[PDB]
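The primary structure of each chain is shown beneath.
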Amino acid sequence: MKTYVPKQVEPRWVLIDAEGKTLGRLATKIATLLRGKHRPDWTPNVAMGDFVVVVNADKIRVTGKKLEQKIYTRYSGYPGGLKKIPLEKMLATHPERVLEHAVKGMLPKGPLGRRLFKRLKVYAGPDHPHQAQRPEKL
Amino acid sequence: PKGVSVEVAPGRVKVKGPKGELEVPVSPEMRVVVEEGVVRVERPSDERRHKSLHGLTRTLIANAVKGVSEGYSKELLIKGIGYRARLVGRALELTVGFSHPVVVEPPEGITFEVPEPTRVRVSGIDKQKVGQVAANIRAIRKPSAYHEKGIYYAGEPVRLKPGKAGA
Amino acid sequence: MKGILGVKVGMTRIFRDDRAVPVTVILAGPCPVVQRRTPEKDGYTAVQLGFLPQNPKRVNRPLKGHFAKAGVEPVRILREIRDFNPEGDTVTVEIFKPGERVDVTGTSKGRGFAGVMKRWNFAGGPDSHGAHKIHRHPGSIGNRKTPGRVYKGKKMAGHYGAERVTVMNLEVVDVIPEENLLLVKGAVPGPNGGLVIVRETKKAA
Amino acid sequence: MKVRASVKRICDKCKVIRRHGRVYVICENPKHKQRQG
RNA sequence: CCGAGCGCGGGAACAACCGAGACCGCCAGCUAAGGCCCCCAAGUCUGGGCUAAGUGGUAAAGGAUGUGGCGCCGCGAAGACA
RNA sequence: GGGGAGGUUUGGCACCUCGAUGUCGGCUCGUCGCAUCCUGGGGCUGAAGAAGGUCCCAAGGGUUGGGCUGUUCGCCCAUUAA
RNA sequence: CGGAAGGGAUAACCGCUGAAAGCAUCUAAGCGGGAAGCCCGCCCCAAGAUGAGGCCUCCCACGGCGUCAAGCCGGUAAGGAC
């Protein structure tokens, strides 16, 4: 025949908990959904994978000594511009970040790979913009 | 635990007594339950961390129980020349081996008690929070100084040379 | 956390008590207490402050003659004092009291593209034994064949002057509300006709 | 003795009840304080 | 083995380290090494030991009541270790 | 007497550079490293206090002017909290 | 005029209460002290911060083909440009 290519399907939204969850393991699941790998008709160059609103990311669990160990880094083009922040301080001040960082790196790098990052809203709450559907998951 | 009233909430073991009530939160890896009259604890197994945590925890509760059965007795026997004290109202004042006066003042749970300049006493109802203060006043004025001069638990000087010890 | 706007002039030397002292003269004037900004619909507390009245036909329009009370703007539009909130009346000059150190915002007067040993102050050198050319040249910038990448912010020859800055520690003994003036220790940046604004000190605040 | 790779059991009061992950050698006269650094 | 197999995968990348001789087209399947939580394609497979430091994520002499297993001579209800 | 980091010196090897990458210090602009000289810290002493001896912690900032030598190496003065 | 004054976490280091290991302990749970050092409190840039933030307003709709779905199209509004 000739492999089938999906029409302009309607993006399905989804809601996920967070608290008590494992960071990596959580995102691990998020990503495969930001894309159509969960859907039967996944297609590479398209972007049709569910949007994902995650609640209270402010209470995600992390193993080992991460809490004190794990250090995120940012580099301003400036000399000695290396800035490294510990997972411990990332929670305190704007923690919804940790989950994002964790996922972004777990998605393609190309144009749409950031396009799908946009499909993910994370809130240090819970609580979201109750836009529509949003069937909670497990 | 005669006239004392113990109780266990989630992981934290609340202990109320005629003195008052203190919070004694210790790990849920055993069997904290008040029964018969005295609380008991049963380690999950003979495994390392479990042995340790067991001994520790059982002692923590066993202590903090007496923490409201009056565990105040601790004081300091300050030695030295210009070492004086006078607890005005609520504030413990002293001008020991230091220039300016000093104001040591009450924290929650424990209480001071000056009998006189040279041997201050402390009614501290919290065996953990008390000894803190103990070694903290003692750290306020570290004694020894080769010979004497300073504040002592029941502490004994450790000898060395005065206008000597200098080859 | 108090404050009021100002405009720049003069810097003399009047002799208080005995000693002789340099004195900046700014006109603080009547400044429209036009409305506050609130932490719900903003995120913090802030007050818009106008200034010296001339604005007629030229400025008009939404005016904020709207705002809530009108009053018409100065000629020096308006700014804001952060974490600030007086009473509700259009305040003036003597909002402060003589003999106090405080802080000031000012537009450093422009100068344009200028020298390397002038902007930052390098050293240059070569008068007679060196070369005629490289009098005012930065000499050197980078490395050899590693890392070899020119650094961002390599302190370069360019514009200096037309900037803006706050400043700490300024003792004001003098003030003439009877004409709306404020005379302080003397250091204020800017031309005699530019932006200045007095905020409160931070020696231990 | 402080900071040297031999944290034995010097003066027979000195102990190794390992703390912080770097054995100290704890005594009385503290000219006897070997360390792991 | 390359060179003349800088043709094909792995190995992050990597002439010669492992697989494997490319006539050509297919939108089929066994398989090689490597390999499966996710890049990136296939086991958050099943079963069991150990580890609690990022060891994993590149070093030694040597050191240490680290933590678990295997064992040898005592002391023990005659009463021990503290 | 063994073991080792460090890749700064001084030896060895000779591949991109023989269709060029111009070697000594100084001018001048820095800049990365800590095994840190001043400054903070505490440990300790064959430490009275005054200074010192020593080991870990810690780049935040700082670390001079000259005489002679082409001279980095160097000696010398006048100094520095160094 | 400025480096700072101050809040919080930490260094080695000192201590509290305490187990395994009936004794001990600054330690594996919990508390506390701890540095110019880390983070803010300081000063400029800064929403190309493609999240393109938000406030205070301002003017306001059809005026000509698309009825439906988006285009488009001349002069006006608050304004703005020369």
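To keep things clear, this report deals only with the structure shown in the data block. Shown numbers run from 1 along every chain as its sequence is written, which may differ from how the entry numbers residues; residues without coordinates are omitted from display. Chains and ligands are labelled sequentially in the order written, the chains with letters from A and the ligands with numbers from 1. The structure shown is incomplete relative to its larger assembly, and all values pertain to the part shown. Working from all heavy atoms in the structure, the side-chain values ignore hydrogens and water.

Strands are runs of DSSP state E lasting at least 2 residues, helices are runs of H or I lasting at least 4, and numbering of each runs from the N terminus. Counting its regular elements, chain D contains zero helices and zero strands. Seen along its three principal axes, the alpha-carbon backbone of chain D occupies a region of about 20 × 15 × 15 Å. Whether two residues are in contact is decided by their heavy atoms, any of which lying within 4.5 Å being enough. When contacts within chain D are restricted to residue pairs at least 6 apart in sequence, those whose partners lie at least 24 apart make up 39%. Calculation of accessible area relied on Shrake-Rupley with a 1.4 Å probe; when residues are assessed, cover is drawn exclusively from the protein chains displayed. Approximately 3,000 Å² of chain D is accessible, and the part contributed by carbon and sulfur atoms is 52%.

Two rings from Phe, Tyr or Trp (for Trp, the six-membered ring) form a pair when their centres sit within 6.5 Å of each other. Planes less than 30 degrees apart are called stacked, planes more than 60 degrees apart edge-to-face, and all others tilted. What the rule picks out here adds up to one aromatic pair over all chains. Consider the ring centre and the ring normal. A charge sits over the ring if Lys NZ or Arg CZ is within 6 Å of that centre and within 35 degrees of that normal. Here the guanidinium or amino end of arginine 35 of chain D rests over the ring plane of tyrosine 24 of chain D, the centre of that ring lying 5.2 Å away.

In the sections that follow, a salt bridge refers to a side-chain nitrogen of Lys or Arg positioned within 4 Å of a carboxyl oxygen of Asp or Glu. Applying the stated criterion across every chain yields a total of 11 salt bridges over all chains. The salt bridge partner of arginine 86 of chain B is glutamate 93 of chain B, with a shortest N-O separation of 2.5 Å. With a relative accessible area of 26%, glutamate 93 of chain B lands in the partly exposed category. The partner of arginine 16 of chain C in a salt bridge is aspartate 17 of chain C, and the shortest N-O contact between them spans 3.6 Å. Each of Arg16, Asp17, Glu171 and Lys185 of chain C takes part in one network of salt bridges that share partners. Each residue is placed in one exposure class: buried if its accessible area under a 1.4 Å probe, protein chains only, is under 20% of its type's maximum, exposed if it is over 50%, and partly exposed if it falls in between.

Moving on, we come to the sheet that holds strand β5 (residues 79–82) of chain C. Taken together, the three strands give an open sheet; going across it, the order is β3-β4-β5 (chain C), and neighbouring strands pair in antiparallel fashion. Two strands in the sheet have a free side with no partner beyond their single neighbour: β3 (36–37) and β5 of chain C. The criterion for strand pairing is that DSSP finds at least two bridges linking the strands in question.

Our next topic: the environment of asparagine 169 of chain C. Residues and elements named next belong to chain C. By secondary structure assignment, the location of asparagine 169 is in the loop between β8 (158–159) and β9 (171–172). On the accessibility criterion, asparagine 169 (46% relative accessible area) is partly exposed. As for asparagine 169 and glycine 50, which are separated by 119 residues in sequence, their C-alpha atoms are 25 Å apart. Pairing of N or O atoms within 3.5 Å defines a polar contact, subject to two protein rules: one partner must be a possible hydrogen donor and the other a possible acceptor, and residues neighboring in sequence count only if both atoms are side-chain atoms. At 3.0 Å, the side chain of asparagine 169 and the side chain of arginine 101 are in polar contact.

Residues and elements named next belong to chain A. Note on geometry: axes are C-alpha line fits, over the in-contact stretch for helices, and angles between N-to-C directions span 0 to 180 degrees. Running from N to C, helix α1 (residues 23–34) and helix α3 (residues 96–104) point in directions that differ by 55°, and their axes come no closer than 9 Å. One element, α1, and the other, α3, form an angle in the oblique class. Note that α1 runs across α3; the crossing there is right-handed. Judged by residue contacts, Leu23, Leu26, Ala27, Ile30 and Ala31 of α1 engage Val98, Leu99, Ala102 and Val103 from α3. Per-class residue counts for the contact of α1 with α3 are nine nonpolar, no polar and no charged. Roughly parallel here means an angle under 35 degrees, roughly antiparallel means over 145, roughly perpendicular means 65 to 115, and every remaining angle is called oblique. Crossings are classed by handedness, with left-handed meaning an anticlockwise turn of the near helix from the far one by less than a right angle and right-handed meaning a clockwise turn. When residues are grouped by polarity, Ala, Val, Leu, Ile, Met, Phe, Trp, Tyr, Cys and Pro land in nonpolar, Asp, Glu, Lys and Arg in charged, and all others, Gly among them, in polar.

Here, disulfide denotes a covalent bond that connects the sulfur atoms of two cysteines. Note that a disulfide, as used here, is simply two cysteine sulfur atoms within 2.5 Å. Following the criterion strictly, the structure yields one disulfide over all chains and no others. Between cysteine 14 of chain D, a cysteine without a disulfide, and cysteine 27 of chain D, which holds the nearest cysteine sulfur, the sulfur-to-sulfur distance is 3.8 Å.

Residue and element names in this part refer to chain C. A cluster of nonpolar residues, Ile141, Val150 and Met156, forms a patch on the protein surface that exposes about 270 Å² of accessible area. In this fold, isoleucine 141 is placed in the loop between α1 (116–119) and β8. The class for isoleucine 141 is partly exposed, based on a relative accessible area of 44%. The patches reported here contain residues having more than 30% relative accessible area and no salt bridge. Joining distances are 9 Å for like charges and 5 Å for nonpolar side chains (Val, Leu, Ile, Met, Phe, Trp, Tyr).

If a single non-hydrogen atom of a residue is within 4 Å of a molecule or strand, that residue counts as near it. Neighbouring residues of RNA strand F: 21 residues in total, closest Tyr146, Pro162 and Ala165 of chain B, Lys154 of chain C together with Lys33 of chain D. Expressed as a percentage, the sugar and phosphate content of the atoms of RNA strand F within 4 Å of the protein is 78%. The side chain of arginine 144 of chain C places a nitrogen or oxygen atom 3.4 Å from a phosphate oxygen of RNA strand F. Measuring from a sugar or linking oxygen of RNA strand F, one finds a side-chain N or O atom of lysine 154 of chain C at 2.9 Å. Residue composition of the surface near RNA strand F, by class: nine nonpolar, four polar and eight charged.

A word on the sheet that holds strand β5 (residues 120–122) of chain A. Residue and element names in this part refer to chain A. One open sheet accounts for three strands, arranged β1-β2-β5; its pairing is parallel. Bordering the open sheet on either side are β1 (13–16) and β5, each of which pairs with just one other strand. Here the average twist between neighbouring strands, direction ignored, is 15°. By the bridge criterion, four bridges tie β1 to strand β2 (residues 51–54) in an arrangement that is parallel. Opposite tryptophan 13, over in β2, you have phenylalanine 51 as the bridge partner. On top of the sheet, α1 reaches β1, β2 and β5; it is set at about 150° to β2, its chief contact.

Residue and element names in this part refer to chain B. Cavities and pockets are found on a 1 Å grid laid over the protein atoms alone: a cavity is a set of points where a 1.4 Å probe fits but cannot escape, a pocket is an open set with protein on both sides within 12 Å along at least five of seven lines, and a lining residue has an atom within 4 Å of such a point. Grid points are joined across faces, edges and corners, and a volume is the space filled by probe spheres set on the points. Under the defined criterion, the tally for this structure stands at eight cavities of 30 Å³ or more. The volume enclosed by the largest cavity comes to roughly 130 Å³. Contributing to the lining of the largest cavity are 14 residues, with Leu76, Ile78, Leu92, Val120 and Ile137 lying nearest its centre. Elements supplying a minimum of two residues to the lining of the largest cavity: β4 (73–76), β5 (92–94) and β8 (120–124). Counting residues per element, the lining of the largest cavity draws most heavily on β4, which supplies three residues. Here the lining of the largest cavity is built from residues that sort into 11 nonpolar, no polar and three charged.

For the rest of this paragraph, the subject is the side chain of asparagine 180 of chain C. Here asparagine 180 of chain C lies in the loop between β10 (174–176) and β11 (181–184). Not counting chain neighbours up to four residues away, the residues in contact with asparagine 180 of chain C comprise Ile26, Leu27, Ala28, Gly29, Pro30, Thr92 and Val93 of chain C.

Take a positive patch on the surface next. Residue and element names in this part refer to chain C. Two residue types count as positive, namely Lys and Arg, and two as negative, namely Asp and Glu; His and chain ends fall outside the count. Just so you know, the charge point we use is NZ for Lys, CZ for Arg, CG for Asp and CD for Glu. A cluster of basic residues, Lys109, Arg111, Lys118 and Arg136, forms a positive patch at the surface. With respect to the helices and strands, the residue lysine 118 is situated in helix α1. In this structure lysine 118 comes out as partly exposed when scored by relative accessible area, which is 45%.

Note that every value here comes from positions in space, so none of it alone points to a role or purpose.
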